[PDB]
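Peer 1:
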Ligand SMILES: CO[C@H]1O[C@H](CO)[C@@H](O)[C@H](S[C@H]2O[C@H](CO)[C@@H](O)[C@H](O)[C@@H]2O)[C@@H]1O
Ligand SMILES: *[C@@H]1O[C@H](CO)[C@@H](O)[C@H](O)[C@H]1NC(C)=O
Ligand SMILES: [Zn+2]
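In the authors' numbering, the protein residues as written are 30 to 1045.
1) Looking only at C-alpha atoms, which of 683, 545, 717, 1029 sits nearest to residue 633?
2) With distance defined between alpha-carbon atoms, name the residue in 409, 397, 326, 286 nearest to residue 356.
3) Residue 478: beta carbon under 8 angstroms from a heavy atom of ligand 3?
4) Is the beta carbon of residue 115 sitting closer than 9 angstroms to the one on residue 145?
5) Compute the beta-carbon to beta-carbon distance between residue 924 and residue 449, rounded to the nearest angstrom, for a pair I have assumed lies under 8 angstroms.
6) Is residue 194 near ligand 2, going by C-beta to nearest heavy atom under 8 angstroms?
7) Along the chain, where does the alpha helix (DSSP H) that runs through residue 185 open and close?
8) Kindly give me the distance between the Cβ atoms of residue 556 and residue 500, rounded to whole angstroms, as I take these residues to be in contact under 8 angstroms.
9) Please determine whether the Cβ atom of residue 92 lies at a distance below 8 angstroms from any heavy atom of ligand 3.
10) Would you mind stating whether residue 795 and residue 714 have Cβ atoms separated by less than 9 angstroms?
11) Can you tell me whether residue 521 is buried or exposed? The criterion is at least 16 other CB atoms within 10 Å of its CB, across all chains shown.
12) What alpha helix (DSSP H) runs, 4 residues minimum, are completely inside the region 539 to 587?
13) Between residue 597 and residue 696, is the Cβ-Cβ spacing less than 9 angstroms?
14) First and last residue of the beta strand (DSSP E) that includes residue 283?
15) For the 8 angstroms Cβ check, are there 3 or more pairs between the region 1006 to 1018 and the region 1027 to 1044?
16) For a quick check, are the C-beta atoms of residue 618 and residue 644 less than 9 angstroms apart?
17) Could you work out which residue in 212, 150, 142 is closest to residue 170 when comparing CA atoms only?
18) Is residue 699 helix, strand or coil when you go by DSSP?
19) Under three-state DSSP, which class holds residue 437?
20) Grab the span of the alpha helix (DSSP H) containing residue 322 for me, first residue to last.
21) Do residue 874 and residue 723 come within 9 angstroms of each other at the CB atom, strictly closer than that value?
22) Alpha carbon to alpha carbon, what distance is there between residue 254 and residue 782?
23) Looking at C-alpha atoms only, which residue of 304, 951, 76 is the closest neighbour of residue 564?
24) Just to confirm the assignment, what range does the beta strand (DSSP E) spanning residue 967 have?
25) Taking all protein chains shown into account, do 16 or more other C-beta atoms lie within 10 angstroms of the C-beta of residue 29, making it buried, or fewer, making it exposed?
26) May I have the straight-line CA-CA distance separating residue 193 from residue 152, to the nearest angstrom?
27) Could you name the residues of the same chain whose beta carbon sits closer than 7 angstroms to that of residue 901, not counting the 5 residues immediately before and after it, in chain order?
28) Give a single yes or no on whether residue 208 has its beta carbon closer than 8 angstroms to a heavy atom of ligand 3.
29) Taking C-alpha atoms, which residue in 528, 256, 109 lies nearest to residue 350?
30) Please classify residue 278 as buried or exposed, where buried requires at least 16 neighbouring CB atoms within 10 angstroms.
31) Once DSSP output is grouped into helix, strand and coil, what is the label at residue 485?
32) If you compare alpha carbons, which of 638, 600, 465, 591 is closest to residue 551?
33) Distance check for residue 569 and residue 102, CA to CA, integer angstroms please.
34) Helix, strand or coil for residue 994, going by three-state DSSP, please let me know.
35) Report the rounded CA-to-CA distance for residue 204 versus residue 646, giving the unit in angstroms.
36) Run through the region 580 to 625 for me and flag every whole alpha helix (DSSP H) of 4 or more residues, listed as ranges in chain order.
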């Protein structure tokens, strides 16, 4: 019995969209608490029978890359922090410390001798050192895909379970730039009971503090019942540093950061230094500190107070451990002995804080409010909204999504078999998982690291892509070769991957041409993989050395194909134009591949001396004044030329698209009879302020609304084919392409911002749709949340992450834009959508990076554009905070994020080749995905185990029957099943032993994990 995620509006105490509509967002000087007020407390609130219990929680924020690389920080800082934590905690049994980033901890632990490993395990087992979250990193929450948030969580927690025998149930996220409800969603399904966040808008902190709503049960926006709820603590102040964690007055709190007295090269900007605690000052010092604590305690509902004690890369030097510990010990001894304070203070861990809060709750001392919504877009002060990092370093944002899919496909393809250790499958997959996991860091995918650190992340991800390719192609060879013939060399390349959209045409010449010829090689096998659990057809393309190529399946059935030229665009420094050149040596062949659920399909490409019966050739039309010829080698159809003009295209029975004379979409007509709906693409530019605060990697501070890019008279190329047509235009900084294959168009932008300093390029869609001030954007590729433009906030506050899509709608019409990469975007006026393409910024934005963004490189952004009639759809009510995709939009998103994978057989002949794998796999209902398939055991395990993460989205009911699908039971995908268990999403805890060894399908918007055990 599934909860209805559409028709029941949850009743919550705080709903963030509603809160935003009501709040004034005034930025007034609140006094010492600059963004709050002067807190008052009744000194008689605490007495002998009701004391304030204070947990001082030492911590050290360690960025896995930011200003230095991961390895540089490890050598210079983190290895010392961890080595000294081990010594100091061992020697001081009441001292405590929390640790978040398992990438660093694993890097350290594996370099320890056994003696030290044992000492480390002992300070963990006794609770002095406590892991918080236990992910590989502390991830970004804006740009990250939920699948990769889960991947990195699993990587860190699997390491902790194996080596430390612990699994954290409290999360610590002090640093991501705004916070997403995807986090409690994943954490609550991974055994967590509590979480902590910090970087929320200063106005939200003030509002919630006033109502004592900084601790709340955070549920998903659609969750009527509350089963997704996770207890959440929001910190109240401007920073997680010591000046902003003891209480509301940083001039006072800074005096209790004992690293700031001078010899460490640190000081207090409020001009009052810390003083060493002595018997002659401890009473006065304690009075000041307890004062701060009791003020902070006024903001919360229990008598249990959390005081973080730390900052970036703290607790390095032995002298620093001593100075913080000894001074706090003197304070605690005094405070705890002086009845008049009515305080019991101690070093603690995060879990100890939460346990004590919940003890107070059970004692009936507090009830907590319920909350739904998100915490974007963050501003830390004034109008400094952190919407710039939704776009910064977009090449690597796109690379994240490519590697996301590669990791899934490599793990899935190799899961079907057990592999010998010599095959190095587990080794390559662990490397790939860890490099993608590292990049989820809040200075990785966010694009907020120094140039050489971005380079490090890129090199790591490139190695991870090669690892995935190796595992994938070994797996394909095994799955599709007759078993008695299969003779693997585990170092050999049986196949190479062919990827048409990464790095992309015009980004890198990386694609191999299939070289055929009468005097060399008549034919070539290619294989497609489909990681999705339903049959899929999709056009696929390969480069070939002749236009006279035909396609067959492995039963030798002809397959209809289309050949087109290979076009590349060149900024001609002679003529000062951007125009295409066609290859005279290679050609593109395109055909529909039909591939089983989670399966493989083989095809053959064969050369002939002349036009094959089942291959057609696209026409090509170059629109420009003053054309010159465009020879195409053997290509059988001459290029046509014309002056710029409006054009219309229709592929199959799909929509008819009309384009301006500048090659940009102007309208879509869904069906023969239907209207030509205005849908206009436009490119614009934002600039930077010449006075006041400057945009940088983090902040978007535009100097007003965007101005149209001056287009001149651009060259437009039209390719018209039976299977695929396109319009491409060379605009300043963007080669913009609209591709039609018979359904929703695909948009590709090759974006090269070149040397345009202090410029952000935006792609806008203008329509008639009466959306008003409402639009929808996704959170981590998991859910769509309703946004409301607010004219009381500046432009940059109305920008939100677009990690996978966005839409606007009215009563009748919806326009959805799906993305293959996370970027920033908004709807700044009724009927508009816009999404930032790249940004190049000369200035630092005072958040610690110490550089602008001047390392741009060409990137190929990909999208799908879905215009739909929605008046017949069953949509949520006007008060519901969520929205949901249609079937077509969801499929278009899957097309972008998890396309078919293409393999080209490397050798001349593939002996023992088979035509298909997975023809007997169940074809599951369209809303269900097998997000993860991963074998969990190495070959020496008697009982093999395979883990599956199943996710069911929720698609709108719009009157399409779309029926008959097969039940997917992941537990019977592999033979000889002996047991099936439901587990946490990390696979680390068994939750239910399943009857009949059958894994049930999940409810809409739910994600479940299962592990099947096999005795073979
Ligand atoms: C201006 O911020 C600098 O000082 C504060 C202390 O109040 C530090 O928190 C940060 S470093 C911190 O935040 C940046 C974004 O500002 C992030 O990129 C890093 O990962 C860190 O988490 C600054 O040094
Ligand atoms: C892992 O933790 C639990 C703690 O109760 C314990 O039963 C188990 O023995 C531990 N495993 C060890 C210490 O190897
Ligand atoms: Zn950080």
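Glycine included, every Cβ here is placed at the ideal spot set by N, Cα and C.
Peer 2: Quick look at the numbers:
1) On the chain shown, position 604 is the one that residue 633 refers to. Just measuring C-alpha positions, the residue of 683, 545, 717, 1029 sitting nearest residue 633 is 545.
2) Within the chain shown, residue 356 is the residue found at index 327, counting from 1. Nearest of 409, 397, 326, 286 to residue 356, Cα basis: 286.
3) What you label residue 478 is simply residue 449 of the chain shown in a count that begins at 1. Checking every heavy atom of ligand 3 against the Cβ of residue 478, none is found closer than 8 angstroms.
4) Working through the chain shown from its first residue, we reach residue 115 at position 86. Working through the chain shown from its first residue, we reach residue 145 at position 116. With respect to the 9 angstroms criterion, residue 115 and residue 145 are classified as neighbours on the basis of their beta carbons.
5) Here residue 924 is taken as the residue at index 895 of the chain shown, counted from 1. Here residue 449 is taken as the residue at index 420 of the chain shown, counted from 1. For a cut-off of 8 angstroms, the C-beta gap from residue 924 to residue 449 is around 36 angstroms, too long to register as a contact.
6) Here residue 194 corresponds to residue number 165 of the chain shown, with the count starting at 1. Yes; taking the cut-off as 8 angstroms, the Cβ of residue 194 has a heavy atom of ligand 2 nearer than that.
7) For the purposes of this step, residue 185 is taken as residue 156 along the chain shown, with counting starting at 1. Annotation for residue 185: the continuous alpha helix (DSSP H) segment containing it runs 175 to 193.
8) Counted from its first residue, the chain shown places residue 556 at position 527. Counted from its first residue, the chain shown places residue 500 at position 471. The pair is not a contact, with the Cβ atoms about 15 angstroms apart (cut-off 8 angstroms).
9) Residue 92 sits at position 63 when you count from the first residue of the chain shown. Ligand 3 has a heavy atom closer than 8 angstroms to the beta-carbon of residue 92.
10) For the purposes of this step, residue 795 is taken as residue 766 along the chain shown, with counting starting at 1. For the purposes of this step, residue 714 is taken as residue 685 along the chain shown, with counting starting at 1. No.
11) To locate residue 521, count along the chain shown from 1; it is residue 492. By the neighbour-count definition (other C-beta atoms within 10 Å, threshold 16), residue 521 is an exposed residue.
12) No alpha helix (DSSP H) of 4 residues or more sits fully in the region 539 to 587.
13) In the chain shown, the residue the question calls residue 597 occupies position 568. In the chain shown, the residue the question calls residue 696 occupies position 667. No; because the gap between Cβ atoms is not below 9 angstroms, this pair is not in contact.
14) Stepping through the chain shown from its first residue, residue 283 is reached at position 254. For residue 283, there is no enclosing beta strand (DSSP E), as DSSP marks it with neither H nor E.
15) Output reads yes: the region 1027 to 1044 touches the region 1006 to 1018.
16) Taking the first residue of the chain shown as position 1, residue 618 is located at position 589. Taking the first residue of the chain shown as position 1, residue 644 is located at position 615. Their beta carbons are under 9 angstroms apart, which means residue 618 touches residue 644 by this criterion.
17) Start at 1 with the first residue of the chain shown, and residue 170 comes out as number 141. Minimum Cα distance to residue 170 is reached at 212.
18) As a position in the chain shown, residue 699 is number 670, starting the count at 1. The answer is coil: DSSP assigns residue 699 none of H, G, I, E or B.
19) Sequence index remark: in the chain shown, residue 437 carries index 408 (1-based). In the displayed model, residue 437 falls within a helix according to three-state DSSP.
20) Here residue 322 refers to the residue found at position 293 when the chain shown is read from its first residue. Note, residue 322: alpha helix (DSSP H), 311 to 326.
21) Locating residue 723 in the chain shown gives position 694, counting from the first residue. Locating residue 874 in the chain shown gives position 845, counting from the first residue. Yes; because the gap between Cβ atoms is below 9 angstroms, this pair is in contact.
22) As a working note, residue 782 is residue 753 in the chain shown. As a working note, residue 254 is residue 225 in the chain shown. Cα-Cα distance, rounded: 48 angstroms.
23) Position 535 of the chain shown, counting from 1, holds the residue named residue 564. Measuring from the Cα of residue 564, the nearest candidate turns out to be 951.
24) Along the chain shown, one-based indexing puts residue 967 at 938. It is not in any beta strand (DSSP E) - residue 967 carries neither H nor E in the DSSP assignment.
25) As shown, the chain starts at 30 and ends at 1045. That puts residue 29 outside it, with no answer to give.
26) The residue labelled residue 193 in the question sits at position 164 within the chain shown. The residue labelled residue 152 in the question sits at position 123 within the chain shown. Rounded to the nearest angstrom, the two C-alpha atoms are 10 angstroms apart.
27) Here residue 901 is taken as the residue at index 872 of the chain shown, counted from 1. Counting only Cβ-Cβ distances below 7 angstroms, and skipping sequence neighbours, we find 987, 988.
28) Here residue 208 is taken as the residue at index 179 of the chain shown, counted from 1. No, ligand 3 has no heavy atom inside 8 angstroms of this Cβ.
29) Within the chain shown, numbered from 1, the residue matching residue 350 stands at position 321. Checked all of 528, 256, 109; the closest Cα to residue 350 is 109.
30) Counting from one through the chain shown, the residue named residue 278 turns up at place 249. That one is buried.
31) One-based indexing of the chain shown puts residue 485 at position 456. Judged by DSSP in its simplified three-state form, residue 485 adopts helix.
32) Looking up residue 551 in the chain shown gives position 522. Closest by alpha carbon: 638.
33) The count along the chain shown starts at 1 and reaches residue 102 at position 73. The count along the chain shown starts at 1 and reaches residue 569 at position 540. Going by the C-alpha atoms only, they are around 44 angstroms apart.
34) Within the chain shown, numbered from 1, the residue matching residue 994 stands at position 965. Three-state DSSP puts residue 994 in coil, outside helix and strand.
35) On the chain shown, residue 204 is found 175 positions in, with the first residue counted as 1. On the chain shown, residue 646 is found 617 positions in, with the first residue counted as 1. The straight-line gap from Cα to Cα measures roughly 54 angstroms.
36) Counting whole runs of 4 or more residues, the region 580 to 625 contains no alpha helix (DSSP H) stretch at all.
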